[PDB]
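Beneath this line is the structure, given in C-alpha cells, with notes to follow.
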4 protein chains.
Amino acid sequence: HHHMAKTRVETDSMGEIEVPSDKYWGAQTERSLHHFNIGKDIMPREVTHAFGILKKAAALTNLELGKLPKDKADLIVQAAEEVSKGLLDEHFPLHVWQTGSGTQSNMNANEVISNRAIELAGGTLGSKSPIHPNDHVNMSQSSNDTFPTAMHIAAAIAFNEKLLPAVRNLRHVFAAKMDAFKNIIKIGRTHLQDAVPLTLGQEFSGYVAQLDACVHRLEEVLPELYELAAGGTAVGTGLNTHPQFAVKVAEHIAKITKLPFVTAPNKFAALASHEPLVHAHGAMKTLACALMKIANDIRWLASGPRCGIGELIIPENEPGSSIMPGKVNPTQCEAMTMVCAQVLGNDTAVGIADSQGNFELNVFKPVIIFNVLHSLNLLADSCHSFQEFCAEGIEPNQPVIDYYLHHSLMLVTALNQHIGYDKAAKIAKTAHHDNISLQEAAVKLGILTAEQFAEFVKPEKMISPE
Amino acid sequence: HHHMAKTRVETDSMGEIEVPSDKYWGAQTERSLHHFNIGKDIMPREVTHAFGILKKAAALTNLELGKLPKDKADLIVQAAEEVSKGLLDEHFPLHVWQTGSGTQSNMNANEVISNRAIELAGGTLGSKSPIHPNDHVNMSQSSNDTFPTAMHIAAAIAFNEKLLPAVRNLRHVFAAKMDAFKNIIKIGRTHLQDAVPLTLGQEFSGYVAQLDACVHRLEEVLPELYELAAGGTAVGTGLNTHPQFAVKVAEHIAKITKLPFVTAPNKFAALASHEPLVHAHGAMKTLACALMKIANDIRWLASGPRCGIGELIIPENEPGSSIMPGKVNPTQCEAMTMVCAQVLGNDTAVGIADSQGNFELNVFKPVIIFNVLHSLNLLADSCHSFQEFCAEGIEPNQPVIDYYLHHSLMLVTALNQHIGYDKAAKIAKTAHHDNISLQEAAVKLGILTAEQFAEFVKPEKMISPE
Amino acid sequence: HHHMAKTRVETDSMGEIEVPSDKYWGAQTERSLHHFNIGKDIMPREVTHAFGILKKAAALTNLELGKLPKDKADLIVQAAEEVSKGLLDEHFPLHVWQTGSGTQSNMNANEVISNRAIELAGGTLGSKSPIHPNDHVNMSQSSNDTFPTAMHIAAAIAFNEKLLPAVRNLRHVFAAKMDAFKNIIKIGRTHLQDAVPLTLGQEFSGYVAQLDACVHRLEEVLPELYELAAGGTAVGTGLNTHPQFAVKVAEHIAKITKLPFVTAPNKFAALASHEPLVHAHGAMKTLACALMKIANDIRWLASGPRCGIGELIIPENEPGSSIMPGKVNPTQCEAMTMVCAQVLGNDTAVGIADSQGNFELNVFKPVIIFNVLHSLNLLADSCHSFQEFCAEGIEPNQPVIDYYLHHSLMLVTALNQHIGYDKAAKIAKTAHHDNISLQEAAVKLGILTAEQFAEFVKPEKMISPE
Amino acid sequence: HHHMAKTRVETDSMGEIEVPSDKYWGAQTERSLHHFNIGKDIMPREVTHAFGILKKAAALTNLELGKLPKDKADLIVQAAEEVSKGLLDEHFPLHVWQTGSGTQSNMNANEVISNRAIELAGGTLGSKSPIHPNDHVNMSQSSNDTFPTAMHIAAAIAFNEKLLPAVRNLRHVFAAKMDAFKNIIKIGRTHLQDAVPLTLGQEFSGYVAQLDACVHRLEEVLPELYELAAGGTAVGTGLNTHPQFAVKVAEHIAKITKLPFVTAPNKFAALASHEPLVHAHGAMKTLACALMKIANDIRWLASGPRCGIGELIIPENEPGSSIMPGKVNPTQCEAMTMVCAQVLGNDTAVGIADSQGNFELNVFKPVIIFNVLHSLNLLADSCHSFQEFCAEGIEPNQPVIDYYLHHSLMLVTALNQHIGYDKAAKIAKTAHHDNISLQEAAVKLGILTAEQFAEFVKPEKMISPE
C-alpha cells in the first residue's frame, strides 16, 4: 500500500500502517479501507453527522458521570461538533459494504474525533494522546450499540427536517391547484374509458388526500426511531457501561437535536433487529406508490399536444425546438416514477436484510440504513424538483377539457328522467353511429330541441348526489 | 357450454345463458366464469362475507331512506345475512383474476342474494322478481364503489378477529417462557461468534418486544381501513346515489360489525388508490421480518442433538425413529420461515399493483386484497401452529447451556480488575492454545487458585451494568 | 380428532390414528394434516402427478435391479400411474406450508400408492401389506431427494406442455395482426407525446419480438430442470441407495415423460440449493414484464370511446348497456396486468426462499415450487384468455388513426428540405397557435398550396431510412 | 445560478448559460443539472465510457458514408477515445434521475466530445465550431436510440471483463479447497440437525457446482446484450438516419470492443422495452441467491471459537485483541450477504421499471442500467474481496470436525446389518440417554467390543452408494 501524499504512521493491534497526513482517520479506518473496497457507496453522510451527535453526547455524559476529565471532554465535544456539522465529511471514506455491525464506521468516528481533538490540543496526530479513540471517544460505548444509535438519529432527523417538509410542501401546491380548478368540470375516466364527470379540483383533491395520508404514515414511524440502542453494549445487557449512561446519553442527544430521543426500553430487540427501519421504509414505500400514480396522471393528462389526452399543460424546462411547438416531455414525471421504482426495490432489500438477524445482533445494519436514506433523499429531492418544475406550473387546457366534456357519450343518462331510458339510449346509439354529439343526435332524431338538451344536461348538476 | 347437472335459464343484456339449478348465482356470474378462468384462486371468502355485510347494510339504508319497500328489504337482509355467515360460499365461484374493479364479484353478490331472496319469497329463480339483482340488491350502489368497500371490511375484520389475537397470543407464550427462563444464564452470540453472557429470559425478551412492536404497527393500520368507499359511486362524486347513503350505509356497517366503520372523507382517493391496503400489508411485512428471525433463533438454538448449538429442546410432532433418538426436525420453524418469504414477495406484489392506478379508479383491486388476506391468513395460522406445536413446548438444555457458559473464553474480562489485562490475556491465550477452560488455564499458570477464579468470575454479575 | 365419515385405523411410530375409509392416504399424512393446517394452499397437483411419475420409475428401477419382486412392482406401477394421471388427486390433502424438505408430500405419495396397490391386490388398507409405503414404495429413495425430483419434473413438464405453447400461440396471433396492419400508418408516441410515424404493423412487431425473446429465455431454463436429485439420498452422497439407482431412475423418468431427464451431476447442489427454479421463475418474470407493457399498450390504444386515445377497438365480452354504446372495458388487460404484478411479487419470494439454504439441504422447497407453478399457470392461463377474448379480436379504428396522423404537428420536418427550417417552423407554430392542421397553416401563410403540401408530406415515405 | 470558478458563456435554444471554464460540458448539460439534482447518484461511468465508444463508432461510420469530413471525424474520434478511456469522467455530472430516455446523458457526451474536439483544433469552447455537438457528434443518431445503445455496450463489457472473471476466479478457489478437503469426512446437517456424513470436499463441490451454473446463466445473457438499438432513431423506424448506419455503426462498435455487437433485429422492441437487461439482472439475482447460501455456510461452519459449530477457521483481517484469542468475526461474509440482499431488491426495481414501457419508448432507462451496474459491481467486488480475504484462507478445524463425526448418533445405522435394527437402536438410545458415544454405549451394553465397533463403523465407507 502507498500514498502519493505525505503520510503519518498510525498503529493498531496488527502493527503500523501509513495514513495520509491531511486526513484525520486512523489506523483501523485506513486498514479497513484495504479490505472493504466494494462498490462505490460511501456510508451516507447523515450517519457520519449522527456519529458526531452521539460522540458529543457521550462525552458530555461521561463528563457528568465523573469518568471523563473536563479538558478531554471539551476537546472531544469541539471535534464532534465539527463532525455533526458536516465539516469533516471528507474524513469518512468507508463504504456501506463493511462490517455488518457498522463497527468500522463507529471506529472511523472515534479516530477522526480523536485526531482532530489532538490537533486542537497541539499534539501529534496518530499518538492517541491526549485523546484516545477507544479509551476516550468510545468511553462507555461498544462496537455494537453505536452504529444502530447513529442509524436511528440519522433517520429520525432526516424524516423531520427533510422528507416530511418536502411532502407537506408538495401537498400544499396540489391543494392550491385544487382550489384554482374547483369549478372546471372534466370527463371522468375509469378503466381508462370515458366516465361521468368530476371537477378537476375533485380529481386533484384525491392527490391531496393521498399525500395527507402519506404524511401521517411517515409521522407514525417516528416514535420507534426516537428509541436508541446506546447503552446496550455488546449483547444488550449493558455490561461494561455505567448504569446511568444509557438514559443520560439519550437525554443529551435529545437536548442536542431538540427531538425526543429516549433510551430503547428493550436493548435486545434494539441490537438484534431493526423493524423500526423496516417500518420507516414501508411508509416511504406507500409514498412511492402514491407518487407513481400522481405523476402518471399528470403526464397522461398532459400528453400530446394533439394525439394524446391533452387536458393539462405542464412547463417545459429543457430546451425545445422552434419546429416542435406545443411539445413538452414530462421529464419531472419521468424522474419521479423512476425514483418510485427504485424505492419499491429498496423496500424489498430492507425487509430481506432485517429478516436475517441471528441471536444477539443483526449484522445487516449498513445496508438497512443505506436504503432508508437513499429512498428518503430520492423521494424528498424528487418531490421538491417535481413541485418547482412541474406541479407549480400545471395549467388546464380548457378548450380540450370542454371538448371532451361535451362530446363524450357519458352525459346521456341526464336525459332518462325527461325522455325515458329508451329514447336516451337511442340518442346515444345515434351519436355513436353517426360520429356526432349527444345534442346533435337528439336534434337529428327530433326528440329534443337544442334548448331542451341544454336545460336537461347540465354538467354542473352531475358532480354530486341528488 | 354445458352442465351435467340440471340448469335454469338466466338472462343478461347478451342473451340467455344456462346456470346450474342448484346454484344461486345468475347470468353474469356464469358468463364471466367463461372468460376469467385464470389460475385456481377463488376470490377470498372474507371478501364474499364482507359483500354480505355491505348488501345487508345497503338494504337497511335504502329502507330507511324510503327507496326500498319493507318486504323486499326483509328478504334481501335475510339472504345477505346468510352470505355474511359463510352459508352460501359455494355460490361464489369467480376467481381473483377478474375485472380489475371487482365489479364481477359485486354482481356475484347481487345475483346470489337476489336468487336466494326470490327462493325465500317462493318465486322463480332467474326471474329477477320479486328481488332484482341490480335494481334492488345494488340499489344506490355502483360497479366501482362496492368491491373497495368489501376489501376494507374484510381486511379490518380479519385484522381484529384473526391476525391481532394470533400475534398477541404468541407474544404471551414467549413472555411466559421469558419469565420461566429469567435466571438461566447463557453465552451471547454476535456475528455468530461467542460473546458475553445474557439470560435466556433476556434473549426471549427481545422476541417479546419485537412482537409487541408488531402488534402496535398492525393496530395503527386500522383507522385507514375503517374508512369506506361506499357512496363514491362511479368516479367519486356520488352521482346517482342518495345524498345520505354514504354516511348511513357506513353507520349500518358499523352497527352490524361493532367496529367503527365510517365513510371515507375523500372518495376520489378511496376509488383511485389503495395505500391503506399497502400499509396493512407493510405492517404484516414487518411481522414476517420479526418472525423469520425468531423462528430462525429457535431452530438454530435447538439444532443437534450433538453437532449443532443445542441450547434448546423443541417438541417432536411428526413420527420419529427409535434408531434416531434426540433428533427433532424444526418443522414449525420451516413452515413459518417459508410463510415469511411468501409475505415478503406478496408485499412486493401489493405495492406494484397499488402504484398502477389511473385517473378515477385503480383497477388492480382483486390482486391487492388477495395478497393482503393471503399473507394475513398465513401469518395468523402459522403463529397459531408454531405456538401450539413448538413455542409452548420449548425447554432449555441446561447442561449444554452451562457447558458453553463455562467453557467460552469470553468471561475472561472479569479477571482484568483483579490481575490486570496482561495476566487475563495470558490466561485466555493459554486456554485457547491448550484447549482447556479459563479456570484450568489460570490454575495451570499458577496465576489463580480455583477458589479465586470462582470468586472473580460470576456470570450472574455479568448480565447488567456495574 | 374425529371424522363424520367411517374411518379405518392406521399406524405410525407415534401410534394409532383414524383415517377416513374412503381416502387412500395413511397415518403420517393424516397426522401431519393436524399440525400443518396453515393457509388454504394445497400442494400443487403438478407436484402430485410428478410424484406418480417418480414412484412408477422407482418401482421399475428397483424391479430391474432385483430388489423389488415383480408382483409388488406391477401393483405399485398401476397405482402410481393413476396418481400421475390425476385420478387420485383428492387423496393429496397436505398444504404447501409443511416440512421444508417436502418429505410429508413424499410420504403422502407413498401412502396413497401403497393403499391403492393394497386394494388392487385385495388386501386390507392400512395394513402396509402386501405393499409397504416405506419399504416398497419408497425403496432406494430418501426423505430428502424425492420432493426436489418432483419439483423439477413438475416444472419441466409444465414449461413444455403448458407455458411455452401458450406464449408461442399468443405470439402468432400478434404476428397475424402485425401482418394485417402492415400498411396502416399511425402516429408514434414517445414519453407519451406525439412523435414521428410508424405502421401499426411495426408497433405490433415489437410485441412479437418481445414474445419471441421470452420464449427463448424460457426454453433456456429447461436443461437445468431436466437434472434430477433422485439418488442423492439424505445428504447427497447416495448412502443407502443402489449405485445404479440414480442413473436408472432418471432413465425411466425420461422414458415415461419423453423428455430428456438425467441424473444431476452434483447431488449436493441439487439438495442444498434451487437456483434452477430461481432461473425458471426469473424467465417467467421477464415474460410478466413484457406482458404488462403489451397489455397496457392495447388498453391505452383502445381507450375511449371518445376521450382517450381510441386507435384500437377491442371485443366486449361482459354484458354492456344499450345506453352506453362504444364503451368497452379492457377486462382481459386488467386480469393480465394483475397477474403480472403477482408474478413480480412471486419472483421476490422465490429468490428469498432460495437464498436461505443451510449446509446439505435447502428446506424452503414447497414455497419455491408453489410460486413457480402459481406464476406459470397464471401466465399461461392469462395468455390463453387474453388471446381468445382480446388479441384475436383487435381491430384498428382507422378514422381515428388517420385523424391523429394528419393532425399531428410532427410531420412538419418533411417540409425542411423543400422550404427550409425557418418556413417549416413557421408553419408548425401557426398550426399550433391557430389550432389548425399543418396543411391549413401552410396554405394560410401562402407558403405552399395544398397540392404542394401533399406532394412533400407523404407518411408512407416517413417510416424507414432514406 | 453562479460559479466561484471562471465561466464561459454557452447557448441553447433557451438562451445563454454560464458553464465552468475548466469543464467540457455545454449549455444543455449545465442547464439540466439545475433541474435534475435528485439524490447523489451520478450516471455510472461505464455508461459514460460506452458513450465514448458509440460516438467514436458513429464518427467513423459517418466518415465512411461520406457525411462527415475527415478533419472533423479525426477530432471527434480523438475526443471520444479520451471519453471511452475514462480520462474525461469528471465532465459527466448528470444524475441517474434524469430524462427517462437518457437523452440528457447523450447530450452530455455530445457536448463534452464537441468541446474537447474544439480545444484540440485550437478553437473557442462553447462556439460549437468546428465541431457541433448535435450536427457532428450526434450526426445520424437520435435522442432515443443512443442511451439504450450505451446501456447494452456498458452491460456487455462489464459482464465480460469484470463480473464473469470474478465469479470464475472464486469458483476456482472453492475447487482448489474442494480438492484439498476431499479426504476430510464430516457430519452432514439437514434441517440444521445432525445427519449422515459427507466429505468436506463433497460439500465444497456443491458450492463449485452452484458457481458453475451461475457462470453459465450469466453467459447466456450476452447474445441479447450484443444487439444494439443504434439506428432505430426516434421511434424505431430509422427515419432521418442513413440506411446503412445501423449496421455499420454496430460493425464499428464490434471492431472497437472486440465483442460481437450487432444491430438489433427489431428496433421497436429495442426502444420500447428492456427485457435483455431484466434478464441480465435476473442472472445476477441467481448468483446473489447462491452467494448468500455459500457465505452463510462459511460463517456458520466457522462460528465460535467454542460455542458455535467451529468446523472451519477463517482468516482474521481486522485488528483483534490479545485478550480475545480465537475469535474471528466473518466480516467478508457479512459484506457479501448484505450485497446479496441489495441485489434482490435491485432485481425488484429493474423488473418494475421494465414493466412500465409505453408505446414506442420505455422511459425508465437510467434506473434500469443503474441497478444492473450497481448489482454487477457489488457482486464482482465482493466476490474478489471474499476470495482474497476469506475463501483463499479457509482451513479445517480437524479436531472439531472429527469430534462431531465420532460423537454424532447418526453413524449407528452402520450396525444394523451386523446386530440388527433392535440392537442398533438400543445402542443409540443408551448413548443419547447416558451422554456417551455410540461406541461407548455398545461396549457398555456388552453388545460389541471396541474392535468390533471400529470394524463395523467406518465413515470412509459411508459417503457413497454400496
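Order of the sequence lines fixes the chain letters, A, B, ..., with proteins taken first and strands second; residue numbering starts at 1 for each chain. Note that these values count all heavy atoms, side chains included, but never hydrogens, waters or copies made by symmetry.
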Closest-packed option against chain D by number of heavy-atom pairs under 4.5 Å, given [options]:
options                      : answer
C:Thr337, C:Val278, C:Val235 : C:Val235
C:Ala269, C:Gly206, C:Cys289 : C:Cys289
C:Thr233, C:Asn144, C:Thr286 : C:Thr286
C:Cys214, C:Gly351, C:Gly188 : C:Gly351
C:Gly282, C:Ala272, C:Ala195 : C:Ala272
C:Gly345, C:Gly357, C:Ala341 : C:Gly357

When D:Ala290, D:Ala234, D:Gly231 are compared by non-hydrogen pairs under 4.5 Å with chain C, the top option: D:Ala290
For the interface with chain C, which of D:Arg189, D:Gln210, D:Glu203 has the highest count of heavy-atom pairs at distances below 4.5 Å? D:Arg189
Could you look at [X] and say if it's the side chain, the backbone, both or neither that has a heavy atom under 4.5 Å from chain C?
X        : value
D:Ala213 : side chain
D:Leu291 : neither
D:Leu198 : both

D:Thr348 versus C:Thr348, side-chain donor and acceptor atoms under 3.5 Å: yes
N-O pairing of C:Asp354 and D:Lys293 below 4.0 Å: no
Can we say D:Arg217 and C:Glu224 salt-bridge, meaning some charged N sits less than 4.0 Å from an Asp/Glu carboxylate O? yes
What part of [X] gets closer than 4.5 Å to chain D, counting heavy atoms only: side chain, backbone, both or neither?
X        : value
C:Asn358 : both
C:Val363 : side chain
C:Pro265 : neither
C:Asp347 : both
C:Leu271 : neither

If only atom types and distance count, is the side chain of D:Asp297 paired as donor or acceptor with the main-chain N or O of C:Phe359 below 3.5 Å? yes
With a 6.0 Å cut-off (strictly less than), is the heavy-atom count around NZ of D:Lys182, excluding the residue itself, greater than 12? no
